[PDB]
Amino acid sequence: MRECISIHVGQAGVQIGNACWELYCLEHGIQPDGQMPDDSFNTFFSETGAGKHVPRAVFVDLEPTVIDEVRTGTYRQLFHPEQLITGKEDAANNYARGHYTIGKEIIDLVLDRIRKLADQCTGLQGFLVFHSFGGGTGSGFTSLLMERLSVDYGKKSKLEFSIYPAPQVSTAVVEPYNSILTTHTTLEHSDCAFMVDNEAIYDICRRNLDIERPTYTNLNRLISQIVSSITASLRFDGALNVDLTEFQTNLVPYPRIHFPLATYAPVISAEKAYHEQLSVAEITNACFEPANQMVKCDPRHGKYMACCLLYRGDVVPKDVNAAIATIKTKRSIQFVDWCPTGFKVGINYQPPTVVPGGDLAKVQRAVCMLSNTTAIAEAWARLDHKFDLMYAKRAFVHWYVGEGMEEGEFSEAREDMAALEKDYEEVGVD
Amino acid sequence: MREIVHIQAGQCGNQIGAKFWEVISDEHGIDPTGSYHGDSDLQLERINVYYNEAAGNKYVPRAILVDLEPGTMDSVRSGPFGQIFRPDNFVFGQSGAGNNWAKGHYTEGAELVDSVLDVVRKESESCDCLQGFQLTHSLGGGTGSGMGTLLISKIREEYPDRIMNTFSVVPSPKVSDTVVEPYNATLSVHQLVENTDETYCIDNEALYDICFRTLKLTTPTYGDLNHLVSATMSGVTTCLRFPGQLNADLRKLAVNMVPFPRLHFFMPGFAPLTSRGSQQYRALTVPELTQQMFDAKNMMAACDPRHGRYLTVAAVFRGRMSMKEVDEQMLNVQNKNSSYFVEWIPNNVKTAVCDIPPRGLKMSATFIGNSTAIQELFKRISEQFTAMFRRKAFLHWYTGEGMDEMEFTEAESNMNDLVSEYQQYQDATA
Ligand SMILES: Nc1nc2c(ncn2[C@@H]2O[C@H](COP(=O)(O)OP(=O)(O)OP(=O)(O)O)[C@@H](O)[C@H]2O)c(=O)[nH]1
Ligand SMILES: Nc1nc2c(ncn2[C@@H]2O[C@H](COP(=O)(O)OP(=O)(O)O)[C@@H](O)[C@H]2O)c(=O)[nH]1
Numbered sequence: 001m002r003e004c005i006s007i008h009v010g011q012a013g014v015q016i017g018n019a020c021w022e023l024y025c026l027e028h029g030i031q032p033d034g035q036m037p046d047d048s049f050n051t052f053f054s055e056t057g058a059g060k061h062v063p064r065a066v067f068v069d070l071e072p073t074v075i076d077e078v079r080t081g082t083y084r085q086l087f088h089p090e091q092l093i094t095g096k097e098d099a100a101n102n103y104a105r106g107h108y109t110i111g112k113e114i115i116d117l118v119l120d121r122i123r124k125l126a127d128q129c130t131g132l133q134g135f136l137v138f139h140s141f142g143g144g145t146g147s148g149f150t151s152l153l154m155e156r157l158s159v160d161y162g163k164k165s166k167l168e169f170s171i172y173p174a175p176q177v178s179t180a181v182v183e184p185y186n187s188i189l190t191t192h193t194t195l196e197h198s199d200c201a202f203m204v205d206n207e208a209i210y211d212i213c214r215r216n217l218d219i220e221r222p223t224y225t226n227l228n229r230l231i232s233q234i235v236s237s238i239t240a241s242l243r244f245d246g247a248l249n250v251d252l253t254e255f256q257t258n259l260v261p262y263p264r265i266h267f268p269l270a271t272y273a274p275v276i277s278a279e280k281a282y283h284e285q286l287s288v289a290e291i292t293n294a295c296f297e298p299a300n301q302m303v304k305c306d307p308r309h310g311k312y313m314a315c316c317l318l319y320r321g322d323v324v325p326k327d328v329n330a331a332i333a334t335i336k337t338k339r340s341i342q343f344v345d346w347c348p349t350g351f352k353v354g355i356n357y358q359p360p361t362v363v364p365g366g367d368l369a370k371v372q373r374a375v376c377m378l379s380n381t382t383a384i385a386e387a388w389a390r391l392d393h394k395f396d397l398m399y400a401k402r403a404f405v406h407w408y409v410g411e412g413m414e415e416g417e418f419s420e421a422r423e424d425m426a427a428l429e430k431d432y433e434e435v436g437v438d
Numbered sequence: 001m002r003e004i005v006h007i008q009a010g011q012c013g014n015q016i017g018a019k020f021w022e023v024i025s026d027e028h029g030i031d032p033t034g035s036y037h038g039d040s041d042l043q044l047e048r049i050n051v052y053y054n055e056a057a058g059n060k061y062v063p064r065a066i067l068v069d070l071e072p073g074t075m076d077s078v079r080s081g082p083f084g085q086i087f088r089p090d091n092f093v094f095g096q097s098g099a100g101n102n103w104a105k106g107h108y109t110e111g112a113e114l115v116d117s118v119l120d121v122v123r124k125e126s127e128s129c130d131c132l133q134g135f136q137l138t139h140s141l142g143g144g145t146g147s148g149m150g151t152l153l154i155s156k157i158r159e160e161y162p163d164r165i166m167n168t169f170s171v172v173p174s175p176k177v178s179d180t181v182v183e184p185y186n187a188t189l190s191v192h193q194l195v196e197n198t199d200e201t202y203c204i205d206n207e208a209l210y211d212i213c214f215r216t217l218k219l220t221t222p223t224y225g226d227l228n229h230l231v232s233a234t235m236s237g238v239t240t241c242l243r244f245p246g247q248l249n250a251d252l253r254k255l256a257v258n259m260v261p262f263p264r265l266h267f268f269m270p271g272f273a274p275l276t277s278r279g280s281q282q283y284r285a286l287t288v289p290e291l292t293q294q295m296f297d298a299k300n301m302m303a304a305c306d307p308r309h310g311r312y313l314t315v316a317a318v319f320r321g322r323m324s325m326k327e328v329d330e331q332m333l334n335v336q337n338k339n340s341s342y343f344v345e346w347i348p349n350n351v352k353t354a355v356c357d358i359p360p369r370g371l372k373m374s375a376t377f378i379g380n381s382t383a384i385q386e387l388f389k390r391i392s393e394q395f396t397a398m399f400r401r402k403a404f405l406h407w408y409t410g411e412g413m414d415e416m417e418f419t420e421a422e423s424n425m426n427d428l429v430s431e432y433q434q435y436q437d438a439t440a
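Protein chains in written order, with PDB author numbering: chain A, 1 to 37, 46 to 438; chain B, 1 to 44, 47 to 360, 369 to 440.
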């Protein structure tokens, strides 16, 4: 009943998946071994006959290190070995290697395992995908898996918690190639995706979490907190719940434009927990600031289609309505004439659950805000500007060419992104 | 992409490879008998990349030693760790080539190339998921250069799917065994660029200069150069011998570094330089070394990067890191020398951080760069070959072994084509 499958591919994908599943099992009081000391956990979990609960997800990669780390980590007894897919030869920062040359030897096993997991699912609702744009595995393998799943199922929703590479955390120089190729490939195949810029989380950790130098651990803890705030609606119940079908309904102008921008509040470090906790009005007023989104964009330029809210903790609806009324008076918010209003409001009375030993501090209440806008265009603008700088001299092209690729793919992906940004300004003009 | 096999040839190459193994075993806590003797678990995590497990807990290098002169091989077991290498690796000749390429290529290279391919096969299907092959060898010496050409040709026609690295010892006019070196040097560099994809240009000119002016050695013997050779060429492998999210494998190294299929030559550098027995260095701060990377005086390729533009830059830091200031040094270096980086490759200056430091030094930073400025070495060898070849001298020995001057003409034309590629990529705008 209402099952939802999670897909984790690539190093970053599996790292953030481990973090998010840890937060999920902690929130629902699920022990690290899966034992029970809302009944919506069955959407994200499968109940073994012994009473143990194992997540209905999968760990896929072409590299054996991080999978082995999971196999010897805290939750090694949580997941069965079969959904922890292990490769031998990695894509090595190459969309082509992770798509054609090497992915083919593993995609068959991957889809067999996905079907095996789905065998226990009756009311399957959709697919959650976690993958880094920069990584060759998490781009080529992600794109081909997206194509295969769309062939297999199609109309079923297929989410994507995409990771946007950032120069501070970037590990390869071919990252714009991989991001362009994967987004051009999955744009038709993905109905809604989440586009989180790791520079945003990095500088939030630098400033808000006062981390001297953010690491993968803190980045992924923050990312998992935000993803948990997003998925609380599927993992709990609310007055106006949002589901994957509802995600598509309330956050898609056109199938091409399916990249909502998210903001989550608040961000208080554990070392400063003694300070007065922020109010609903305070968090609403601090939500739209350029230091709280998922990408390094200024929402002032953009115009919101609809503003979706998800509230966590002890939040009173009356003050929510007051805050919404105050915010609507702001000149920052602008709605297209075609879309009058889409202000869905969701309240989760469950207080947020903090990770033990985490930099962030426990708060009584929290809110995460979803709203897509034309301000998101600047991320693709800088990204495809980097791609154009790449392609003006055909740098690194031979590495793709030697693995079943030609420059025609580069050209068609670049023009597809040009059409996508074209749609961006076109919907942004009344 | 899991393991590396080693091949060394030529007395220079054999000596430098032996010293490399000395350094690697010492930093990984490997005793002469192969048993672990370190003090941390970091070394043993990735010890498999350069070693094989043996009876009990003995670790043996995956090094196949080849040489045509018995003196070199007697010497190579004469030194330390002469017994750790298994006798199977030792497949050798007796005639001696003596500064000639084609004669050792055909008249005497056939009867041992079969054996070396047999042993590298035994290693290969003994190995599970090897990344590729890295070779250290001399270029001016006809023996080592010819053996290296044989090995590269056979391994590429046998294992074209493996990223096959190599390390090059460019001949030096100042320290030259003979004068007919540029013939074999040009032939071997032609074969190298036309057949390999990863090479480090370690010219003895730069080594002699740095050991003379900076080490205050009036007559630096081959051991004096070999000390710095071993230090830096362990430094390049630091990213391949310890955990790290940068430069995990040889394939990732290629994808990150080399932008063009033909141009794949490297210009290795490392600071701080350390003499033999000189341990007066204090705790060197990051700013001085990160401004010292721009220097060509600490460069192990006889070229000056100030005359060219960096394509892609790699560097690894070892010691205690407050690497926030390291990132600050990146920012300052970029903002101050963007003119020396190609604008059409953004975010090409990436570095990692390592915690294991070299021996006797608590701070170190290798500097691996790929720039068009390396064309100075090829211009030097081109002018040498032309000024000593327009007389059509010394060709009797080669022409007596089937060599035809058309091969010389095509090789020199191809290498001038590489020089032209350097020139055209250097002046490319944004
Ligand atoms: N969100 C997130 N991104 C990360 C993390 N670690 C690395 N990345 C980014 O992910 C990109 C690289 O992708 P990978 O994590 O290596 O995943 P992959 O597709 O398997 O790539 P390969 O390991 O080379 O096969 C780089 O831009 C990294 O900066 C992380 O802990 N979280
Ligand atoms: N750094 C270094 N260079 C060497 C060494 N031996 C020879 N060379 C240089 O390499 C060239 C000679 O190559 P050689 O070692 O004779 O190759 P071989 O014929 O295969 O033995 C000369 O330019 C020498 O100056 C050495 O032990 N160390």
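Beta carbons: idealized from backbone N, C-alpha and C, even for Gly.
Contact set between residue i and chain B, taken where Cβ atoms lie within less than 7 Å
i: A/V9; result: The contacting residues do not exist; A/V9 stays about 17 Å from chain B at best.
i: A/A180; result: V257 and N258
i: A/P307; result: By Cβ distance, chain B contributes nothing, its closest Cβ being about 25 Å from A/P307, past 7 Å.
i: A/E220; result: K326
i: A/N102; result: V257
i: A/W407; result: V257
8 Å Cβ cutoff met for residue i and residue j
i: A/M313; j: A/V344; result: yes
i: B/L252; j: B/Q133; result: yes
i: B/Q8; j: B/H139; result: yes
i: A/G111; j: A/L152; result: yes
i: B/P173; j: B/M398; result: no
i: A/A174; j: A/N206; result: yes
i: A/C347; j: A/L259; result: no
Other residues of its chain near residue i: CB distance less than 6 Å, five sequence neighbours each side excluded
i: A/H192; result: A421 and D424
i: A/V137; result: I7 and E168
i: B/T74; result: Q11 and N14
i: A/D98; result: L70 and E71
Residues near residue i in its chain [Cβ-Cβ closer than 7 Å; skip 5 each side]
i: B/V115; result: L152 and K156
i: B/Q436; result: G310, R311 and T382
i: residue 444 of chain B; result: Here chain B has residues from 1 to 440 only, and residue 444 of chain B is not among them.
i: B/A317; result: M295, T353, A375, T376, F377 and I378
i: B/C356; result: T240, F244, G246, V318, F319 and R320
i: B/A256; result: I165, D199 and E200
Residue i: first and last residue of the uninterrupted alpha helix (DSSP H) it sits in
i: A/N293; result: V288 to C295
i: B/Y202; result: Premise fails: B/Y202 lies in the beta strand (DSSP E), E200 to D205, not in any alpha helix (DSSP H).
i: B/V355; result: Unbroken run through B/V355 is the beta strand (DSSP E), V351 to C356; no alpha helix (DSSP H).
i: B/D76; result: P72 to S80
Per-residue contacts from residue i into chain B (C-beta, under 8 Å)
i: A/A208; result: The contacting residues do not exist; A/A208 stays about 17 Å from chain B at best.
Spatial neighbours of residue i in its chain, beta-carbon cut-off 8 Å, leaving aside the 5 residues before and after
i: A/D116; result: none
i: B/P307; result: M269, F296, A298, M301, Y342, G379, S381 and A383
Chain A contact residues for residue i, given Cβ-Cβ distances below 8 Å
i: B/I347; result: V181, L397, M398 and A403
i: B/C131; result: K96 and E97
i: B/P261; result: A403 and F404
Contact list for residue i against chain A, beta-carbon separation under 7 Å
i: B/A438; result: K401
i: B/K254; result: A100 and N101
i: B/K338; result: Those do not exist, as B/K338 stays about 17 Å from chain A at its closest Cβ, beyond 7 Å.
Contact set between residue i and chain B, taken where Cβ atoms lie within less than 9 Å
i: A/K394; result: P348 and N349
Residue i, enclosing beta strand (DSSP E) - first and last residue
i: B/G146; result: Note, B/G146: premise wrong, no beta strand (DSSP E); alpha helix (DSSP H) at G144 to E160.
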